[PDB]
Amino acid sequence: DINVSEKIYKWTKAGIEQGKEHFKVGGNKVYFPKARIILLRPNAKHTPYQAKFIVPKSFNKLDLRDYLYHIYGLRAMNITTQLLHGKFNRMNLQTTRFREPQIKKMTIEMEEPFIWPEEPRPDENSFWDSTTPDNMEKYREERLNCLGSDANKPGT
Amino acid sequence: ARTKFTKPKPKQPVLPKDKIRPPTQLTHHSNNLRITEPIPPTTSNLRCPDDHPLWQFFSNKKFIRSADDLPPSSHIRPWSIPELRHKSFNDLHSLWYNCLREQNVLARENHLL
Amino acid sequence: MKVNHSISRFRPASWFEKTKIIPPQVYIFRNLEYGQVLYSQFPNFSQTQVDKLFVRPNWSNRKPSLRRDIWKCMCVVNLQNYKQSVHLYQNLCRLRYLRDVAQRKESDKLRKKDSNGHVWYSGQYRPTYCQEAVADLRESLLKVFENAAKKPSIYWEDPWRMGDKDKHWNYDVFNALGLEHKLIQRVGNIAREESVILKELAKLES
Amino acid sequence: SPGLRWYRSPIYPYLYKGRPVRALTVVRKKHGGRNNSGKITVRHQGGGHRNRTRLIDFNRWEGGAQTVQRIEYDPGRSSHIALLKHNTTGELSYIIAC
Amino acid sequence: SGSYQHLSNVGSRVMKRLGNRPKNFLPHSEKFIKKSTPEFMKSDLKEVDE
Amino acid sequence: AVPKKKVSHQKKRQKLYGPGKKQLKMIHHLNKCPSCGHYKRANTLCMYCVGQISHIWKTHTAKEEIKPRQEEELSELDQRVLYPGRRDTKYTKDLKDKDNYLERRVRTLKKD
Amino acid sequence: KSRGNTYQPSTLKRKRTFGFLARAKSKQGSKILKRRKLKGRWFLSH
Amino acid sequence: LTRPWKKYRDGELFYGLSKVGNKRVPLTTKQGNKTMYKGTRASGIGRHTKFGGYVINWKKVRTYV
RNA sequence: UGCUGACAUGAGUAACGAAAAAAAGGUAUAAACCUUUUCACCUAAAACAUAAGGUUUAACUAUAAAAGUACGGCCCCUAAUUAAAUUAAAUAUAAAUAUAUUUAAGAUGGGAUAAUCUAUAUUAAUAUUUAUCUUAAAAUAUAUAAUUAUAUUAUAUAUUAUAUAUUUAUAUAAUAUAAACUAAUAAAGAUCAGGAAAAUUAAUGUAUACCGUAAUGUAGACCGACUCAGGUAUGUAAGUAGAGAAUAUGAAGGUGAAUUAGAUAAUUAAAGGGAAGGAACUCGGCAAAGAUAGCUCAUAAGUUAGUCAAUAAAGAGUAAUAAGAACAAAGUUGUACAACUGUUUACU
RNA sequence: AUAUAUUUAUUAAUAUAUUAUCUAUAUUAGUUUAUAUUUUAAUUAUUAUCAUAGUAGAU
C-alpha cells in the first residue's frame, strides 16, 4: 500500500494525536531505573528546538527517548548520539597514565523550543562565581612551583 | 617536449552557426544582485512555553540554586528503612521517581559546578 | 544503463513541466557540522551540487562532506511558477559565487569577527553562513519579484531562524504577493523522515 | 631479448584454448616446501601461478564407451587431460590423454 | 576544571593508591598541602581519618 | 682538539676578565633629551618622546573598527543564544596573559 | 638503509600477539600471566 | 615560535608533558582499526541481518515504566 | 677507567637541524603571537580528501550528530591460518604435547534494494594478463551506373515531433564538439592456464540498534632517544606546454618555521665565469667538462639473424643563422672475466 | 555599477572618485577545452616575479 518510512511517519503522527507514545514501546519493563541524565547548555551549532544531555555510556537512543517520555513527559522526535573520546590524564608524571572517561552525549529534537535561564552575576549566587577557586588554584601553582628567590617575589 | 622545431597545433573544430543547437536555458541570474548584510535569527519569533517539560530539570527556573535556595542539612533527613517498609508499592515507585528527578536536577547543577 | 537522474543536471522550467516530480519550489539545507547552507532544485542532492556551490574552499569555509546525516533542511521555498523557482535558484547560486569569489572582501567585512580577527566560530561551526543564506534568499526572492494565482510561501524548519518580521521580510513587494511564512509540521522524526515530510509538503500545494 | 633465444616449446594446435570445466577443478593449495611443521622440508620448491587441480579419474571404473569432448592443458601433469563425456550416461570426466 | 572525572570512576587503582597513602609518609603528603593553602584557610590540628 | 687538563680558577678568570676587549664599557655617551629632560643616547632619539608621538599619530590616524549592524542591534538574550561562551584551552589562557611574557618599555632617569 | 624504526605499530597485530586473551588462551601465556601476577604487575598484557 | 612566551629551547614538548607512558591500558571505542568494534553495553536489542542490516526485537527493548 | 650523588673544566665556547622577508596596527608591550597589505616557496604539492598510529594534539568541556542509496564498522560468508575445542579404544607420545579429522574462530577479499527513492524480517510450501587491431559498416568531398578522400563508429541525454495508453506511460524517428578519463558491453591473444564460501515464490512484517565521525596524517599531532633534511599507505591533484603525472609557470589553496641583527678576513662547503694552453694532473681524466632536435628520415662492420648491434656512429629535412627556458638525450675501440635479465655483505 | 559633484531637470545628462571585466546553460557519464547562449564582462603603452643571475651579448 505504502512505503516503510511513510508508514513510520504515519505511526508517529498517530501516537502524537493519541497522547500515547510516538514510538513502539518495548517489553523489557524497568520499574526502578537508576540512570540519571545531565541536561547541558546549548552550543552555537544547535537551535532553540534542540536539547543535549550527558547520558549513561550504556544508554540506548531508544532507551533515552523512552526515559524522556515516561519520566519527564517530553517527546524527543529525533535523537543523535555523540560518544566522546577519553584523553589521557595523570595526576603527576610520577603516577601511571590513564584515560578520562568516554562520555555519551545525546542531542534531541523537540516540537517546542527552549532557551536556558540566564546565568547569575558574581554577587548574586555563591557557588557560580569562578574567581575564588581559580584564585586558590593560582596560589597553589605559585607556592608549589616557587623554587628559590621567587619565594620573596610578591603574590598574584 | 616543446622545442624550436615544434609547429603549433591546429585550432579545435568548431561546429557551424546553423548546426549548433540553441541552449535549453536562455535567461540566467539577475545582474542587479547585491551582497546585503546577514540577517541573524532572533528569539522574538520563538514562543518558548512557560510549561516546557525541560524546565522540570531546573528548580524554580534557576540556572543554579544558591546556598539559601538549597534545603539545609539540619532540616533535611533521608528516609528510614522502617518508614519505607509501611508504604505501598505504587507510593514507593512514585518516591523513587521523584528521587531520580531530584538527582537529575542536582546532576545537571553539580556538573556545571 | 541509465546514468543520469533528475538531480544529475541543472533542470530548467520546461523539464520540470514535462516531468512534474515536485511543484515549483527550491530546497535549502543547513550543514549541522559547519553551519554552511546548500541550495537545491530537488529534495535530494549529490556531490555535483556541492562542487557547484563550494568552488573556492579555505580553512574558514571548508568544502563540506556529503554524509547524509549532517545535512538537514533549513527551508523549503515555494513559488508561483517553475520558471520563477529556477530563476530564484540561479540567483542564490550567483549570490554564493559573489560571496566566495568575486565580492569576497565586502562579504568578509559584513561578517562578525572574533578576537584575533577571524569570522566567529564555535568548533568548525560558523553561524554567519546560515544568516547570509537567509539574507541571500530574501535578496534573490526580492529580485525575482522585481523581474516579474498561487500565493507564494516559505516553509521554515524553525520560526526562530527569521532575523525579525519587522526589520526584514516586510517589503512592499512581498506583502503584495502574499508571502506566507509557514513552518514545517514537527509531528514526527524531522531528520529521519525528512524526505517523507518534503513529499507531503509537495503534495499539499498541487 | 637474450631470454627468448632458447625458449623452445611444443605447439599443439588441436589442444583446447579455453577454461577447464569448473565442477571438475579444485584449488591447488600451495605449501611451498614447508610441511605441517612449518619448516622447508622439500628444498627448492617455491611460489608460481595460481593453478587449480583438475580431478582426473585414474581408476576409470564407470564402464561403457565415452566421447572425448576436448583435450585441455592441466597446469600440473606434464600430460594432457580429456573431457570424456559418457556417450549415453551424459556426464563429463577427465582422463590422462594418450 | 574542565574535568569530566566526576561522571565516572576511571583510573581506580591509581586513585586508591593516592587516597590510601601510607601513614608513615603522611607528613610528606601534608607538607606540600600546608604550603599550598593560604594562612586564613590552613589549620594547625591534625586531619584525622574517618 | 681536547683540553689536556682541568683549567684552573686563575687561568679561566684571567682569560675571561683580564682583557678589556671582553669587559663591559661604561656608556659615557648619554646626554639630555631636549623634548623631555631625561637621559638618552648621543646621536639618538628619545624613545619616550618618539613613542608619545607615535601614540598621538595612532590616536589621530585611526582606521575605524568595523561593527556589523546586525550584531550591534542584537538583544542580550538573543546574543547569548547565538554566541554562547566556551572553555579556553591552557595554551589560549597562557597566550591571553600577555603581561606574563611581554615587556613594556621603561622610562629613563631625569638628567641633572 | 637507516635503522632505529623497528617498531611499526598496528593495534590489531599487537592485540593478537601481546593481548591479554592471547596470553590466557595459550598455556605458556597463562603461565606468563601468573608469573606477572606473582611479581605484583599492574599491567599483565597489552 | 610554537608558543611566544617560550623563546628558547626548554625541554618542553610540542603537545602535552610526556611522550612516553604505560602503553598497556585497556582499549576504548575510538582506538584500533576500522574493523575494531568495542561497543558500550548499549545494544543487545535486536538481531543482525544476513545482509549487514539490523532488526529490532521489541520484546527485548528497555521501557522505563 | 670502583658505585651513588653534587658540582666543576672545556665554555658562555660550538650549535640553534634544508627555508624570504617588509610594513602597519593589535598593543605609547612583540624579530618570534594575531590582523591587514606587499613579496616569496610548494604546487601528480609544503594543496584537498583519506588509511594506519598516537600524551585530544582540534576551530575544545555550552565538544568530534548517520535506517540505507559514492558510509564504514557491526553483521552474513569464507582465504592464508589459528585453536587446554572436536572425535573400553580418533592416532601417536617421559610429562609437555603432537598429528589427523571434525567444529568454532580469522579480512587484506565476497555480500540484497534503492531518488520516479529503498526495506534486510518471521512463517508456509517448492573474472592471469592483455588488447580493442583489422575488416566491414554509416558519413562529408569528390563528384555528382564511380573511384578515391579523410575522418564516424557499442553503449550513457535532453530536446522536438509523432506514435501508441489515456497530462503522465512508453516506443518511434529528428538535430546535437575536440580531448582526456570513467562505468556496464561485446567480441579476443598468449602461456605462466588464472581464489574460497553464503533457493524460490507467496503470505505476513518493518514505530529503524549499536560503533567510527574532531584535528593530525610526504608529519611540530605516528616510527626513528629530539618539534630529528631519515621512514610512513590511497585518490584527487587550476589552467597554459607538451608524448608524458617529464620540464616551466602556477589560478586557488597553504605556508614563510624555537633564533635574530650585522658582517661578508683567512678559511670550508654549494654554485657561476675564466685569457693562452689542453690531461702537462693523477694510482687512475676521480671531479668537472662535453648534447649541432627530443620529431621524421637514414643508419655499417660483425652476428647466435634478434634493427642484436641500435637510441649505432656519423649525415639529413622541419627550426636556426652572432646568440638569446628548463627538462630527456653524454663518443668510439681493444683486452681480461662473466653468456644474459637478475641476486648478495640492511651500516666499508 | 555605487558615491559624491553637477547640466540640468527623482531622472537623463555633465564631471571626477571608486569598483568591476566575472558569471550562468547547452553540445547523451565525468573532466577540461572550444563555440553558441548569458551577461558590462575591453583591447594598445609600461612594469614585475619565476624559470640555475631563466638563457645569451656586453660590461
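Could you work out the mean projected area of the convex hull around the alpha carbons of chain A, in square nanometres to one decimal?
Here the figure is 16.0 nm², rounded to one decimal.
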Relative to the longest principal Cα axis of chain A, at what angle does helix A:131-145 sit, 0 to 90 degrees, rounded to 10? 50
Expressed in angstrom and ordered largest first, the alpha-carbon extents of chain D along the principal axes are 48, 42, 21
Dipole check, the protein assembly as shown, charges on Cβ (K,R +1; D,E -1), about Cα centroid: among C:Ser153, B:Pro22, F:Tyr83 the Cα furthest to the positive pole belongs to B:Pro22
Positive dipole terminus of the protein assembly as shown, leading residue within C:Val119, G:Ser2, E:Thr37 (C-beta point charges): G:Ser2
Above-threshold pairs, the threshold being 21 Å between Cα atoms, out of A:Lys105/C:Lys199; F:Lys58/F:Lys90; A:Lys153/F:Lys110; A:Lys34/H:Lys38; A:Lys20/H:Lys59: A:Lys105/C:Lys199; F:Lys58/F:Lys90; A:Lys153/F:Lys110; A:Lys34/H:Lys38
Does the stretch B:1-70 classify as rounded, prolate or oblate by the C-alpha gyration tensor (a ≥ b ≥ c root eigenvalues; a/c under 1.5 gives rounded; else a/b over b/c gives prolate, otherwise oblate)? prolate
Take every Cα-Cα distance within chain C, group them into 5 Å bins from 0 onward, and report for each bin the whole-number percent of pairs it holds. 1, 6, 15, 19, 21, 18, 11, 6, 2, 1, 0
Just flag the GluC sites (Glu not before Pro) in the stretch A:37-128 sitting in loop per DSSP whose Cβ has no more than 14 other Cβ atoms within 10 Å. A:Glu118, A:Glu124
Nearest 10 degrees, 0 to 90: helix B:89-112 Cα axis against chain B principal axis: 60
Among the listed pairs D:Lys39/G:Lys25; D:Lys17/D:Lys85; F:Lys11/H:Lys6, which are separated by more than 27 Å between their Cα atoms? F:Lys11/H:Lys6
Taking all pairs of different Cα atoms in the stretch C:19-107, averaging 1/r and flipping that mean, what Kirkwood radius in angstroms comes out? 13.8
If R0 is 56 Å, what FRET efficiency do you get for E:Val10 and H:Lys50 from their C-beta distance, rounded to 0.05? 0.90
What distance in nm separates the two pseudo spin-label positions at A:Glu6 and F:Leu24, each 7 Å out from Cα along the beta-carbon direction? 9.0
The set of residues whose placed amide H lies less than 5 Å from the amide H of D:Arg34, leaving out same-chain residues fewer than 5 positions away, is D:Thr41
Classified through the alpha carbon gyration tensor (a ≥ b ≥ c as square roots of its eigenvalues; rounded if a/c is under 1.5, else prolate when a/b is larger than b/c, else oblate), the protein assembly as shown comes out rounded
For peptides C:195-206, F:19-30, D:64-75, sequence by mean Cβ density within 10 Å, most packed first: C:195-206, D:64-75, F:19-30
How high is the relative contact order of the stretch C:45-132, in percent, with contacts defined as C-alpha pairs under 8 Å that are six or more residues apart? 20
Looking at chain G, identify the longest residue range that excludes and avoids all trypsin sites (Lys or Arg not before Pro) in DSSP loops having at most 16 other Cβ atoms within 10 Å. G:4-40
Take the Cβ-Cβ distance between C:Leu66 and A:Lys13 as r, set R0 to 35 Å, and report the resulting FRET efficiency rounded to the nearest 0.05. 0.70
So for the pair D:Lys39, G:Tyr7, with labels modelled 7 Å out along Cα→Cβ, what separation do we get in nm? 3.3
Net charge (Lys, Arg +1; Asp, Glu -1) of residues whose beta-carbon lies under 11 Å from that of A:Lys105, A:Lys105 excluded, is +3
Rounded to 10°, Cα long-axis angle of helix A:4-18 versus longest principal axis of chain A: 90
How big is the charge dipole of the stretch B:7-89 about its Cα centre, in debye rounded to the nearest 20, if each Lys and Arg gets +1 on its Cβ and each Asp and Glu gets -1 on its Cβ? 1060
Furthest towards positive pole of dipole, B:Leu46, B:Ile81, B:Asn110, structure part chain B, Cβ charges: B:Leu46
Can you tell me the relative contact order of chain A? Whole percent, Cα pairs under 8 Å, sequence separation 6 or more. 18
Average beta carbon contacts from partner chains per residue of B:63-74, 10 Å cutoff: 3
What is the magnitude of the charge dipole of the protein assembly as shown about its Cα centre, with +1 placed on the Cβ of each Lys and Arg, -1 on the Cβ of each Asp and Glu, and no other charges, expressed in debye to the nearest 20? 7900
Using the Cα centre as the reference, give the magnitude of the dipole from point charges on the C-beta atoms of chain F (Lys, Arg: +1; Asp, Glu: -1; all else neutral), rounded to the nearest 20 debye. 2000
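Methodologically, a virtual Cβ is constructed for each residue, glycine included, from the backbone with ideal geometry; neighbour enumeration extends over all protein chains shown. Any read-out appearing in this document is the output of simple, stated calculations on the displayed coordinates, not a laboratory observation.
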